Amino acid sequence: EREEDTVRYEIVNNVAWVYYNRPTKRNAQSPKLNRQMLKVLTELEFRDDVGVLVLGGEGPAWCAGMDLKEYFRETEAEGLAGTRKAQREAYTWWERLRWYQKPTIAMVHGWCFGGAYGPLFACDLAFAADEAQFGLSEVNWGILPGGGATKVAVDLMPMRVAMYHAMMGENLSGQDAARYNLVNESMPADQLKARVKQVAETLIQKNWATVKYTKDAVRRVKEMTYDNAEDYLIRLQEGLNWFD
């Protein structure tokens, strides 16, 4: 219903805990959530009291993907302009998170489906509950894994695993999502918040600028030859010398 109620956050000891807040809608990404998520991310990004951002979810789902009703059906009733406006709101906040000034952590306690793979990839690190389920179910409602989700599967998991995942639309457990490197680690649900909290506290003790440059370098040198990446990392360090 209300746009500013679709995302909630709390800053505690330099950690921004951000939650998808449509628990009864399995935190489906609707245009209202997409717009409000950008608003919250943009406001938190450069605060000197935010060193780490954790993306969680309320209720049994982390994120059940895009809102079938509000993101797909309602926007397409407004024609191409409607579809484009809605796509842009989704892609824009996933990119804001992907290139965030502060280190980002996905805390995935529950269902992570489809369009949730953009935000999952956009988090630098990811920690899952054993009980979590990850799935590209798009094939199972007759569409391509969109919102970059095909590329997310290919950039994080081995090619055979990614192909099975996208084609068969079966779910991975938390432990399988760790084995195939969709996430960093899986543990029982009741240890997950303590582990994420520990990782956040470790990052805030490092030099914040050094952490920003390092996470960026990791994502960027993926799309370079070894030779070009060598020179790139020298130019980055000259940038960090200015910021530090």
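Residue numbers here begin at 1 and follow the sequence given.
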So which stretch wins on mean C-alpha B-factor, 112-120 or 134-142? 134-142
Got a sec? Mean C-alpha B-factor, which is higher, 33-41 or 65-73? 65-73
Between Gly79, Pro158, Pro103, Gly148, let me know which has the highest C-alpha B-factor in the entry? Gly79
At the C-alpha atoms, which of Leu53, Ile204, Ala217, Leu182 reaches the highest B-factor in this entry? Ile204
Which third, lowest, middle or highest, does the C-alpha temperature factor of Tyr9 belong to within its own chain? highest
For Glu170, return the chain-relative third of its C-alpha B-factor as stated in the PDB record: lowest, middle or highest. highest
Quick check on the deposited entry: does the C-alpha B-factor of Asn21 sit in the lowest, middle or highest third of its chain? middle
